[PDB]
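1. pasting the first chains of the complex, positions unchanged:
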Amino acid sequence: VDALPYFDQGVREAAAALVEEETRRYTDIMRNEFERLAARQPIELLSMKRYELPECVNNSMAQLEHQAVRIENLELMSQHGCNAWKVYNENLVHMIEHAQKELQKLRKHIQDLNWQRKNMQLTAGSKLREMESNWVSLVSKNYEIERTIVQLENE
């Protein structure tokens, strides 16, 4: 469980194969049905192919009323014109800025976390190397004490 990421700077394929062998050891309404049938089926539902072609008298008068409604809907667009587009474009940029602000916040918090872990690991690996050196010297000391005790037994 314990693993010094910051201290261990220095085989992964070997341990990977060893882990590989050790693991080798061991809600919607009908809308959902129609959507899944249309997806598995894939064939998109039939749309309105009546209005454009123009039985034909009604469709024709429909094209008339619809072309009049369309020619009216293009008047209220040109009346204001390019002001309404940039009026929402300013809003687009204003909504854009907050996102990068929060991105900066997140980078900063993660960086502070990694900085804390860095110092923690730096204390810990140092204690570890000091303990290892003391262990080596203690092994050598037991060895020398053994040689001296044997010689003392010789007398």
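-> Ah, there it is. Residues are numbered from 1 along each chain as shown, chains lettered A, B, ... in the order given.
2. contacts, neighbours, all on C-alpha from now
-> Will do.
3. Over to residue A:46: give its phi and psi.
-> Residue A:46 adopts backbone torsions of phi -70, psi 130, taken as degrees, to the nearest 10.
4. Look up how far residue A:58 lies from it.
-> Distance from residue A:46 to residue A:58, counting by C-alpha to C-alpha, to the nearest Å: 21 Å.
5. what about those two, which has more around it?
-> Neighbours were counted for residue A:46 and for residue A:58 using other C-alpha atoms under 10 Å; residue A:58 has more, 11 against 6.
6. and that one, which of the three is it?
-> helix (DSSP: H, G, I helix; E, B strand; the rest coil).
7. For it, which residues are in contact?
-> By C-alpha atoms under 8 Å, 6 or more residues apart in numbering, no residues touch residue A:58.
8. all helices of chain A, in order?
-> For chain A, the helices defined by DSSP state H cover A:12-25, A:31-40, A:56-73, A:75-80, A:82-154.
9. closest to residue A:50 out of the ones you listed?
-> helix A:56-73 (7.1 Å; C-alpha to C-alpha).
10. Okay, buried residues for that closest one please.
-> A:60, A:62, A:63 (16 or more other C-alpha atoms under 10 Å).
11. wait, doesn't the second one sit right on residue A:52?
-> No - using C-alpha atoms under 8 Å, residue A:62 makes no contact with residue A:52, being 9.4 Å away.
12. Any idea how many residues pack against residue A:95?
-> The burial count for residue A:95: 11, using other C-alpha under 10 Å.
13. quick one: it from residue A:106, how far?
-> Taking C-alpha to C-alpha, one finds residue A:95 at 18 Å from residue A:106.
14. re the thing from before, turn the buried residues of helix A:56-73 into TSV, columns for distance to residue A:122.
-> Output for the buried residues of helix A:56-73, formatted as TSV (distance: C-alpha to C-alpha, whole Å):
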residue	distance to residue A:122
A:60	82
A:62	79
A:63	78
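15. Closest one of the residues you listed to residue A:120?
-> Checking the buried residues of helix A:56-73 against residue A:120 by C-alpha to C-alpha gives residue A:63 as the nearest, at 75.4 Å.
16. Look up phi and psi at the residue nearest to the closest one when sequence neighbours are not counted.
-> Leaving aside its chain neighbours, residue A:63 sits nearest to residue A:51 (6.4 Å; criterion: C-alpha to C-alpha, 6 or more residues apart in numbering). Dihedral pair for residue A:51: phi -70, psi -40, per degrees, to the nearest 10.
17. burial count for residue A:51?
-> Residue A:51: 14 neighbours (other C-alpha under 10 Å).
18. then add chain B to what we have above:
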Amino acid sequence: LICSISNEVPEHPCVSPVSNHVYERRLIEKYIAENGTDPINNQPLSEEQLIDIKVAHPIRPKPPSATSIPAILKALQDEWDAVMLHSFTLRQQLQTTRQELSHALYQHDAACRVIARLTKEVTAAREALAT
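-> The block that follows adds chain B to the chains above:
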């Protein structure tokens, strides 16, 4: 700015008092009708507890080539295709994520076993060097 169920831009945003997050009135009411609790926190919430918000009346520019034909034929069809294939891709990714989670948990248990073996190896090697 957004709704916290539908991922939309709400036209009548309403915020809850137990978990302060802006939801669309329609989805929030449907959620309250399904089960009477907050979606996010799963805390007790009713329709009467919700408090509607007032906003900038936010506008969408209908395309210049907007008619009954293009709205009826092409637009709704594009919307239904973008719904179906996106839901299908999300389901596929969910299945794949479950499979990857399974492979990750197995690999983790294998690493645990290997580490448990090396803990018994290394310490006794150290004792034998001490011997």
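19. now that chain B has been added, could you go back to the neighbour count of residue A:95?
-> For residue A:95, the neighbour count with other C-alpha atoms under 10 Å in any protein chain shown is 12.
20. any idea how far residue A:56 is from residue A:50?
-> Taking C-alpha to C-alpha, one finds residue A:50 at 9 Å from residue A:56.
21. nope, residue B:93 is what I was after
-> Counting by C-alpha to C-alpha, the gap from residue B:93 to residue A:56 is 48 Å.
22. Likewise for residue B:116?
-> Where residue A:56 is concerned, residue B:116 sits at a distance of 83 Å (C-alpha to C-alpha).
23. same thing with residue A:104?
-> With C-alpha to C-alpha as the criterion, residue A:104 and residue A:56 are 62 Å apart.
24. What segments of chain B are helices?
-> Under DSSP H, chain B gives helices at B:25-34, B:68-70, B:76-130.
25. among those, which is nearest chain A?
-> helix B:76-130 (4.9 Å; C-alpha to the nearest C-alpha).
26. The closest one: how far from the chain's middle?
-> Per C-alpha atoms, centre = their mean, to the nearest Å, the displacement of helix B:76-130 from the mean C-alpha position of its chain is 20 Å.
27. how many degrees apart are that helix and helix A:82-154 in direction?
-> On the basis of axes from the mean of the first three to the mean of the last three C-alpha atoms, to 10 degrees, helix B:76-130 is oriented at 10 degrees to helix A:82-154.
28. Can you list the helices and strands that helix B:76-130 packs against?
-> Helices and strands touching helix B:76-130, by 3 or more C-alpha pairs under 8 Å, 6 or more residues apart in numbering or on different chains; DSSP states H and E, are helix A:12-25, helix A:31-40.
29. Can you tell me what sits against the longest one?
-> Residues from elsewhere that reach helix A:12-25, judged by C-alpha atoms under 8 Å, 6 or more residues apart in numbering or on different chains: B:106, B:107, B:109, B:110, B:111, B:113, B:114.
30. export these to JSON lines and tack on neighbour count?
-> Formatted as JSON lines, those follow (neighbours: other C-alpha atoms under 10 Å in any protein chain shown):
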{"residue": "B:106", "neighbour count": "18"}
{"residue": "B:107", "neighbour count": "19"}
{"residue": "B:109", "neighbour count": "15"}
{"residue": "B:110", "neighbour count": "22"}
{"residue": "B:111", "neighbour count": "20"}
{"residue": "B:113", "neighbour count": "16"}
{"residue": "B:114", "neighbour count": "17"}
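31. quick check, nearest of those to residue B:32?
-> residue B:106 (39.8 Å).
32. mind listing what that closest one touches?
-> So residue B:106 contacts residue A:23 (C-alpha under 8 Å, 6+ apart).
33. next one is chain C, place it on the structure:
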Amino acid sequence: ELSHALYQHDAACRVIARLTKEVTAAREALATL
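-> Adding chain C to the chains above:
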């Protein structure tokens, strides 16, 4: 969970990577003595 698990997996992989060479040094230590 996938991200945390992959991270902890490589982290604990380094644990065995270090422990193996530790045993490896200890083996030659005791063998030479």
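34. and what packs on helix B:76-130, now that chain C is in?
-> Partner elements for helix B:76-130 (3+ C-alpha pairs under 8 Å, 6+ apart): helix A:12-25, helix A:31-40, helix C:2-32.
35. Tabulate the CA atom coordinates of the shortest one in PDB.
-> What that stands for is helix A:31-40. The C-alpha trace of helix A:31-40 is given here as PDB (Å, rounded to 0.1, in the frame of the first residue of the first chain):
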ATOM      1  CA  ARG A  31     -39.500   6.500 -25.300                       C
ATOM      2  CA  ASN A  32     -36.600   4.100 -24.500                       C
ATOM      3  CA  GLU A  33     -38.200   1.200 -26.400                       C
ATOM      4  CA  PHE A  34     -38.900   3.300 -29.500                       C
ATOM      5  CA  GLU A  35     -35.500   5.000 -29.400                       C
ATOM      6  CA  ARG A  36     -33.700   1.600 -29.000                       C
ATOM      7  CA  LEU A  37     -35.800   0.100 -31.800                       C
ATOM      8  CA  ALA A  38     -35.000   3.100 -34.000                       C
ATOM      9  CA  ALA A  39     -31.300   2.800 -33.200                       C
ATOM     10  CA  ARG A  40     -31.000  -1.000 -33.700                       C
END
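36. Is any residue of it near chain B?
-> Yes - against chain B, helix A:31-40 shows contacts by C-alpha under 8 Å from any C-alpha of the partner chain at A:35, A:36, A:38, A:39.
37. other SSEs contacting that helix?
-> For helix A:31-40, the packing partners by 3+ C-alpha pairs under 8 Å, 6+ apart are helix B:76-130.
38. if we can go back for a sec, quickly compare the helices and strands packed on helix B:76-130 and say which is most buried.
-> Highest mean neighbour count of the helices and strands packed on helix B:76-130: helix C:2-32, a mean of 16 (counted as mean count of other C-alpha atoms under 10 Å in any protein chain shown).
39. How about the residues of chain C by chain A?
-> Counting by C-alpha under 8 Å from any C-alpha, chain C sits next to chain A at C:8, C:11, C:12, C:13, C:14, C:15, C:16, C:17.
40. restrict the residues you listed to contacts with chain B.
-> C:12, C:13, C:15, C:16.
41. Roughly how far does the nearest residue to the third one once chain neighbours are set aside sit from residue C:17?
-> To tie it back to what came earlier, the one meant is residue C:15. Nearest non-adjacent residue to residue C:15, counting by C-alpha to C-alpha, 6 or more residues apart in numbering or on different chains: residue A:3, 5.4 Å away. Per C-alpha to C-alpha, residue A:3 is found 10 Å from residue C:17.
42. repeat for residue A:145
-> Relative to residue C:17, residue A:145 is positioned 34 Å away (C-alpha to C-alpha).
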